[PDB]
Amino acid sequence: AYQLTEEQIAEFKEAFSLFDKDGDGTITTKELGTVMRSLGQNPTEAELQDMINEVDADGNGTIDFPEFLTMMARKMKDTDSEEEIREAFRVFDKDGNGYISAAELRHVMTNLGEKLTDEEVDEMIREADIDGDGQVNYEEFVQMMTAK
Amino acid sequence: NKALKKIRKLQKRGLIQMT
Ligand SMILES: [Ca+2]
Ligand SMILES: [Ca+2]
Ligand SMILES: [Ca+2]
Ligand SMILES: [Ca+2]
Ligand SMILES: [Cl-]
Ligand code: NA
C-alpha cells in the first residue's frame, strides 16, 4: 500500500509534471500522447481518451491532480508484482520486439526523467544479460527486477 | 545497481502505470 506522505505526494507531483508540461494543472490527451511518443509508442486518440475517461469524474476531458491520484490508487501495486514487471518491460521495449536494447533503455530512462550515464546503461545491460546477446529479454528482466 | 534504483524510482512515482 502507498501512503499520502509529503515525500510520496512530491514523487507523484514529479510524475504529474512530466505530463503537465505547460503547468496548468491538467493533463490533456495531447500531453499524454507527447510522453507516449517519446517512449516509441503511438497510441490513437481513442486510446488516449480512454485513459482520461477511466478517472475523469467531472467529464471535462482532462485529468487533474485528484483524478491522477485516483488513478494511482486504483492501479498501483508492489514494484515486484507480475503485472508491474510486465508493464515495465513493455515500456522499456520501445519497439515491442521482445528485447530491451541499450539504446532503448537509454532513451526511455531519460524521457521518463531518470537519465542514465552510458556507464550506468552498459552496466545494467551487461549484468542482466545472461544469455550474452547484448540485450535484455523478459526472462532476464524479471530476474533483474526481482533479485532482492 | 544505480540504474535499477532509478527504475524503482520511476515505478514508485507511478510512471510505469501511466506509460
Ligand atoms: Ca497541461
Ligand atoms: Ca477531469
Ligand atoms: Ca526492443
Ligand atoms: Ca540477453
Ligand atoms: Cl508526511
Ligand atoms: Na515532511
# chains A, B, ... in the order shown; residues from 1 in each chain; ligands from 1
>>> residues_near_ligand(ligand="ligand 4", cutoff="7 Å", atoms="only C-alpha atoms and all ligand atoms", output="PyMOL selection string")
chain A and resi 129-137+140
>>> residues_near_ligand(ligand="ligand 3", cutoff="8 Å", atoms="only C-alpha atoms and all ligand atoms", output="PyMOL selection string")
chain A and resi 92-101+104
>>> residues_around(residues="residue 78 in chain A", least_positions_apart="2", cutoff="10 Å", atoms="only C-alpha atoms", output="PyMOL selection string")
(chain A and resi 1-2+76+80-85) or (chain B and resi 11-12)
>>> residues_near_ligand(ligand="ligand 1", cutoff="9 Å", atoms="only C-alpha atoms and all ligand atoms", output="tab-separated table (two decimals) with N, CA and C atoms, in the first residue's frame")
chain	number	residue	atom	x	y	z
A	17	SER	N	3.94	16.37	-13.36
A	17	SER	CA	4.64	17.44	-14.06
A	17	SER	C	5.32	16.98	-15.35
A	19	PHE	N	4.02	14.95	-17.47
A	19	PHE	CA	2.94	15.10	-18.45
A	19	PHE	C	2.46	16.54	-18.60
A	20	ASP	N	2.24	17.23	-17.49
A	20	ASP	CA	1.68	18.58	-17.50
A	20	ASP	C	2.80	19.59	-17.79
A	21	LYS	N	3.28	19.59	-19.03
A	21	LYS	CA	4.43	20.39	-19.40
A	21	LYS	C	4.14	21.89	-19.45
A	22	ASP	N	2.87	22.29	-19.61
A	22	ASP	CA	2.52	23.72	-19.52
A	22	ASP	C	2.15	24.18	-18.11
A	23	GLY	N	2.20	23.26	-17.15
A	23	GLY	CA	1.98	23.60	-15.75
A	23	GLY	C	0.60	24.13	-15.44
A	24	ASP	N	-0.41	23.77	-16.23
A	24	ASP	CA	-1.76	24.32	-16.00
A	24	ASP	C	-2.61	23.49	-15.06
A	25	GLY	N	-2.01	22.47	-14.45
A	25	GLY	CA	-2.70	21.61	-13.50
A	25	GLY	C	-3.60	20.54	-14.09
A	26	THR	N	-3.57	20.37	-15.41
A	26	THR	CA	-4.40	19.39	-16.08
A	26	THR	C	-3.54	18.66	-17.09
A	27	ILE	N	-3.86	17.38	-17.29
A	27	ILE	CA	-3.19	16.58	-18.31
A	27	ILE	C	-4.22	16.34	-19.41
A	28	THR	N	-3.85	16.76	-20.62
A	28	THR	CA	-4.68	16.59	-21.80
A	28	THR	C	-4.24	15.35	-22.57
A	30	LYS	N	-3.31	15.45	-25.61
A	30	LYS	CA	-2.10	15.89	-26.30
A	30	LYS	C	-0.85	15.62	-25.45
A	31	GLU	N	-0.92	15.99	-24.17
A	31	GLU	CA	0.20	15.81	-23.24
A	31	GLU	C	0.50	14.33	-22.98
A	62	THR	N	-10.00	16.19	-19.28
A	62	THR	CA	-8.60	16.24	-18.85
A	62	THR	C	-8.50	15.65	-17.46
A	63	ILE	N	-7.29	15.27	-17.08
A	63	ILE	CA	-7.02	14.71	-15.77
A	63	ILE	C	-6.42	15.80	-14.87
A	64	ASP	N	-7.06	16.06	-13.75
A	64	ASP	CA	-6.49	16.95	-12.75
A	64	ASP	C	-5.77	16.14	-11.68
>>> select_by_dssp(residues="range 21-125 of chain A", states="strand (DSSP E or B)", output="ChimeraX atom specification")
/A:26-27,63-64,99-100
>>> atom_distance(atom1="CA of residue 123 in chain A", atom2="CA of residue 109 in chain A")
14.3 Å
>>> interface_residues(of="chain A", to="chain B", cutoff="9 Å", atoms="only C-alpha atoms", output="ChimeraX atom specification")
/A:2,8-16,32,35-36,39,51,71-72,75-76,78-79,84,87-88,91,109,112-117,120-121,123-124,144-145
>>> write_last_selection(atoms="N, CA and C atoms", output="tab-separated table (two decimals), in the first residue's frame")
chain	number	residue	atom	x	y	z
A	2	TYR	N	0.43	2.26	-0.74
A	2	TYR	CA	1.11	3.56	-0.79
A	2	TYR	C	0.42	4.53	0.14
A	8	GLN	N	5.87	11.15	-0.67
A	8	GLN	CA	5.16	10.45	-1.74
A	8	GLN	C	4.36	11.40	-2.63
A	9	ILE	N	3.74	12.39	-2.02
A	9	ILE	CA	2.99	13.38	-2.76
A	9	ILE	C	3.92	14.12	-3.71
A	10	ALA	N	5.14	14.42	-3.23
A	10	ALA	CA	6.14	15.09	-4.07
A	10	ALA	C	6.55	14.21	-5.24
A	11	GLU	N	6.69	12.91	-5.02
A	11	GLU	CA	7.01	11.98	-6.11
A	11	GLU	C	5.89	11.97	-7.17
A	12	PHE	N	4.65	11.87	-6.71
A	12	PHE	CA	3.50	11.94	-7.62
A	12	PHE	C	3.44	13.26	-8.38
A	13	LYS	N	3.76	14.37	-7.72
A	13	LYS	CA	3.81	15.65	-8.40
A	13	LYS	C	4.87	15.66	-9.51
A	14	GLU	N	6.04	15.07	-9.24
A	14	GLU	CA	7.08	14.94	-10.27
A	14	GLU	C	6.55	14.19	-11.51
A	15	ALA	N	5.84	13.10	-11.28
A	15	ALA	CA	5.24	12.32	-12.37
A	15	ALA	C	4.20	13.14	-13.13
A	16	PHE	N	3.32	13.81	-12.39
A	16	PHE	CA	2.28	14.65	-12.98
A	16	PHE	C	2.89	15.73	-13.87
A	32	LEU	N	-0.53	13.51	-22.82
A	32	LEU	CA	-0.33	12.07	-22.72
A	32	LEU	C	0.38	11.55	-23.96
A	35	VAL	N	4.20	12.32	-24.27
A	35	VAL	CA	5.03	11.44	-23.46
A	35	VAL	C	5.11	10.05	-24.08
A	36	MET	N	3.99	9.46	-24.46
A	36	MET	CA	3.99	8.10	-25.04
A	36	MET	C	4.84	8.04	-26.30
A	39	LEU	N	8.45	7.60	-25.90
A	39	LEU	CA	8.81	6.26	-25.49
A	39	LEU	C	8.65	5.26	-26.65
A	51	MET	N	-7.88	6.48	-21.52
A	51	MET	CA	-7.13	6.63	-20.29
A	51	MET	C	-7.71	7.75	-19.43
A	71	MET	N	-6.32	7.50	-10.09
A	71	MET	CA	-5.74	6.53	-10.98
A	71	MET	C	-4.61	5.76	-10.32
A	72	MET	N	-3.73	6.46	-9.63
A	72	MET	CA	-2.62	5.82	-8.94
A	72	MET	C	-3.13	4.88	-7.85
A	75	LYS	N	-4.55	1.75	-9.68
A	75	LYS	CA	-3.63	0.95	-10.48
A	75	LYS	C	-2.41	0.45	-9.72
A	76	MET	N	-1.90	1.22	-8.76
A	76	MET	CA	-0.53	0.95	-8.30
A	76	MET	C	-0.44	-0.19	-7.32
A	78	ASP	N	2.61	-3.49	-5.82
A	78	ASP	CA	4.02	-3.72	-5.48
A	78	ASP	C	4.92	-3.56	-6.72
A	79	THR	N	6.13	-3.02	-6.51
A	79	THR	CA	7.11	-2.87	-7.60
A	79	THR	C	7.56	-4.22	-8.19
A	84	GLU	N	3.24	-5.33	-12.62
A	84	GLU	CA	4.10	-4.17	-12.75
A	84	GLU	C	5.38	-4.50	-13.55
A	87	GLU	N	4.43	-4.77	-17.36
A	87	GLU	CA	4.17	-3.42	-17.87
A	87	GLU	C	5.47	-2.60	-18.00
A	88	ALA	N	6.40	-2.77	-17.06
A	88	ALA	CA	7.70	-2.09	-17.12
A	88	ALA	C	8.51	-2.60	-18.32
A	91	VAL	N	7.25	-0.98	-21.52
A	91	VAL	CA	7.66	0.41	-21.64
A	91	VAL	C	9.11	0.54	-22.12
A	109	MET	N	14.71	5.88	-20.24
A	109	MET	CA	15.07	6.40	-18.92
A	109	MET	C	15.16	7.92	-18.93
A	112	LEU	N	11.68	9.58	-19.33
A	112	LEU	CA	10.83	9.46	-18.12
A	112	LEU	C	11.39	10.21	-16.91
A	113	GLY	N	12.50	10.93	-17.10
A	113	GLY	CA	13.05	11.77	-16.05
A	113	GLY	C	14.09	11.17	-15.14
A	114	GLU	N	14.71	10.07	-15.57
A	114	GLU	CA	15.79	9.45	-14.82
A	114	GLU	C	16.93	9.08	-15.75
A	115	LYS	N	17.54	10.10	-16.32
A	115	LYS	CA	18.64	9.92	-17.26
A	115	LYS	C	19.76	9.05	-16.67
A	116	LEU	N	20.23	8.10	-17.46
A	116	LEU	CA	21.37	7.28	-17.11
A	116	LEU	C	22.60	7.74	-17.90
A	117	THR	N	23.77	7.58	-17.27
A	117	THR	CA	25.02	7.77	-17.96
A	117	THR	C	25.22	6.54	-18.83
A	120	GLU	N	26.20	3.65	-16.68
A	120	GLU	CA	25.07	3.02	-15.97
A	120	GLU	C	24.24	2.11	-16.89
A	121	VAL	N	24.05	2.53	-18.13
A	121	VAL	CA	23.34	1.72	-19.13
A	121	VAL	C	24.10	0.43	-19.41
A	123	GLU	N	26.36	-1.03	-17.72
A	123	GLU	CA	26.45	-1.86	-16.52
A	123	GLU	C	25.18	-2.67	-16.31
A	124	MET	N	24.03	-2.01	-16.43
A	124	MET	CA	22.77	-2.69	-16.25
A	124	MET	C	22.60	-3.78	-17.31
A	144	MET	N	16.34	-9.53	-13.17
A	144	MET	CA	16.95	-8.26	-12.77
A	144	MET	C	16.08	-7.52	-11.76
A	145	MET	N	14.77	-7.56	-11.97
A	145	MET	CA	13.82	-6.74	-11.21
A	145	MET	C	13.39	-7.38	-9.90
>>> residues_around(residues="residue 118 in chain A", least_positions_apart="4", cutoff="9 Å", atoms="only C-alpha atoms", output="ChimeraX atom specification")
/A:102,106,122-123
>>> residues_near_ligand(ligand="ligand 6", cutoff="9 Å", atoms="only C-alpha atoms and all ligand atoms", output="number ranges by chain")
A: 5-7
>>> write_last_selection(atoms="C-alpha atoms", output="compact mmCIF listing (two decimals), in the first residue's frame")
# COMPACT_ATOMS: atom_id res chain seq x y z
CA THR A 5 3.07 11.37 2.88
CA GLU A 6 4.78 14.62 1.93
CA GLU A 7 7.57 12.65 0.23
>>> residues_near_ligand(ligand="ligand 2", cutoff="7 Å", atoms="only C-alpha atoms and all ligand atoms", output="PyMOL selection string")
chain A and resi 56-64+67
>>> write_last_selection(atoms="C-alpha atoms", output="CSV table (one decimal), in the first residue's frame")
chain,number,residue,atom,x,y,z
A,56,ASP,CA,-12.5,11.8,-15.5
A,57,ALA,CA,-15.2,12.2,-12.8
A,58,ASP,CA,-16.2,15.7,-13.9
A,59,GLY,CA,-16.2,14.8,-17.6
A,60,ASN,CA,-14.1,17.9,-18.6
A,61,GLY,CA,-11.8,15.8,-20.9
A,62,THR,CA,-8.6,16.2,-18.9
A,63,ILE,CA,-7.0,14.7,-15.8
A,64,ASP,CA,-6.5,17.0,-12.7
A,67,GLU,CA,-8.1,12.3,-10.7
>>> select_by_dssp(residues="chain B", states="helix (DSSP H, G or I)", output="PyMOL selection string")
chain B and resi 2-12+15-18
>>> write_last_selection(atoms="N, CA and C atoms", output="PDB file, in the first residue's frame")
ATOM      1  N   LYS B   2      22.695   1.242  -9.673  1.00  0.00           N
ATOM      2  CA  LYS B   2      22.203   2.626  -9.705  1.00  0.00           C
ATOM      3  C   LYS B   2      21.083   2.823 -10.725  1.00  0.00           C
ATOM      4  N   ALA B   3      21.245   2.248 -11.916  1.00  0.00           N
ATOM      5  CA  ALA B   3      20.191   2.258 -12.918  1.00  0.00           C
ATOM      6  C   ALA B   3      18.937   1.552 -12.397  1.00  0.00           C
ATOM      7  N   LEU B   4      19.115   0.449 -11.680  1.00  0.00           N
ATOM      8  CA  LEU B   4      17.971  -0.282 -11.151  1.00  0.00           C
ATOM      9  C   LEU B   4      17.253   0.557 -10.095  1.00  0.00           C
ATOM     10  N   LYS B   5      18.020   1.212  -9.232  1.00  0.00           N
ATOM     11  CA  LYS B   5      17.420   2.100  -8.218  1.00  0.00           C
ATOM     12  C   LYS B   5      16.591   3.191  -8.879  1.00  0.00           C
ATOM     13  N   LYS B   6      17.087   3.721 -10.001  1.00  0.00           N
ATOM     14  CA  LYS B   6      16.337   4.713 -10.800  1.00  0.00           C
ATOM     15  C   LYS B   6      15.066   4.141 -11.432  1.00  0.00           C
ATOM     16  N   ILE B   7      15.118   2.910 -11.922  1.00  0.00           N
ATOM     17  CA  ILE B   7      13.886   2.260 -12.374  1.00  0.00           C
ATOM     18  C   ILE B   7      12.841   2.175 -11.248  1.00  0.00           C
ATOM     19  N   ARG B   8      13.287   1.790 -10.057  1.00  0.00           N
ATOM     20  CA  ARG B   8      12.389   1.712  -8.893  1.00  0.00           C
ATOM     21  C   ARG B   8      11.762   3.051  -8.572  1.00  0.00           C
ATOM     22  N   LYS B   9      12.556   4.103  -8.713  1.00  0.00           N
ATOM     23  CA  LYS B   9      12.061   5.473  -8.547  1.00  0.00           C
ATOM     24  C   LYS B   9      10.909   5.749  -9.503  1.00  0.00           C
ATOM     25  N   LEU B  10      11.076   5.396 -10.768  1.00  0.00           N
ATOM     26  CA  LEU B  10      10.007   5.601 -11.756  1.00  0.00           C
ATOM     27  C   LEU B  10       8.732   4.821 -11.394  1.00  0.00           C
ATOM     28  N   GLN B  11       8.883   3.583 -10.914  1.00  0.00           N
ATOM     29  CA  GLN B  11       7.748   2.767 -10.504  1.00  0.00           C
ATOM     30  C   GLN B  11       6.997   3.384  -9.325  1.00  0.00           C
ATOM     31  N   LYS B  12       7.731   3.856  -8.329  1.00  0.00           N
ATOM     32  CA  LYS B  12       7.134   4.393  -7.109  1.00  0.00           C
ATOM     33  C   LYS B  12       6.459   5.762  -7.287  1.00  0.00           C
ATOM     34  N   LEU B  15       4.963   6.199 -12.860  1.00  0.00           N
ATOM     35  CA  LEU B  15       5.201   6.459 -14.291  1.00  0.00           C
ATOM     36  C   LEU B  15       5.093   5.212 -15.164  1.00  0.00           C
ATOM     37  N   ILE B  16       5.357   4.041 -14.595  1.00  0.00           N
ATOM     38  CA  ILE B  16       5.089   2.800 -15.316  1.00  0.00           C
ATOM     39  C   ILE B  16       3.595   2.571 -15.460  1.00  0.00           C
ATOM     40  N   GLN B  17       2.819   2.824 -14.408  1.00  0.00           N
ATOM     41  CA  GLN B  17       1.365   2.718 -14.524  1.00  0.00           C
ATOM     42  C   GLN B  17       0.793   3.711 -15.541  1.00  0.00           C
ATOM     43  N   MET B  18       1.412   4.879 -15.664  1.00  0.00           N
ATOM     44  CA  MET B  18       0.941   5.847 -16.638  1.00  0.00           C
ATOM     45  C   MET B  18       1.335   5.491 -18.082  1.00  0.00           C
TER      46      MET B  18
END
>>> closest_residue(among="A:41, A:70, A:49, A:146", to="residue 108 in chain A", atoms="only C-alpha atoms")
A:41
>>> closest_residue(among="A:33, A:18, A:143, A:3", to="residue 110 in chain A", atoms="only C-alpha atoms")
A:18
>>> atom_distance(atom1="CA of residue 38 in chain A", atom2="CA of residue 103 in chain A")
13.2 Å
>>> decode(residues="chain B", atoms="C-alpha atoms", output="mmCIF file, in the first residue's frame")
data_model
loop_
_atom_site.group_PDB
_atom_site.id
_atom_site.type_symbol
_atom_site.label_atom_id
_atom_site.label_comp_id
_atom_site.auth_asym_id
_atom_site.auth_seq_id
_atom_site.Cartn_x
_atom_site.Cartn_y
_atom_site.Cartn_z
ATOM 1 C CA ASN B 1 22.539 -1.146 -9.075
ATOM 2 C CA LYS B 2 22.203 2.626 -9.705
ATOM 3 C CA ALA B 3 20.191 2.258 -12.918
ATOM 4 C CA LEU B 4 17.971 -0.282 -11.151
ATOM 5 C CA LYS B 5 17.420 2.100 -8.218
ATOM 6 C CA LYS B 6 16.337 4.713 -10.800
ATOM 7 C CA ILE B 7 13.886 2.260 -12.374
ATOM 8 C CA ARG B 8 12.389 1.712 -8.893
ATOM 9 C CA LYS B 9 12.061 5.473 -8.547
ATOM 10 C CA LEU B 10 10.007 5.601 -11.756
ATOM 11 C CA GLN B 11 7.748 2.767 -10.504
ATOM 12 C CA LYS B 12 7.134 4.393 -7.109
ATOM 13 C CA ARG B 13 6.011 7.664 -8.655
ATOM 14 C CA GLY B 14 3.544 5.877 -10.909
ATOM 15 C CA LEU B 15 5.201 6.459 -14.291
ATOM 16 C CA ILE B 16 5.089 2.800 -15.316
ATOM 17 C CA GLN B 17 1.365 2.718 -14.524
ATOM 18 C CA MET B 18 0.941 5.847 -16.638
ATOM 19 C CA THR B 19 3.008 4.608 -19.615
#
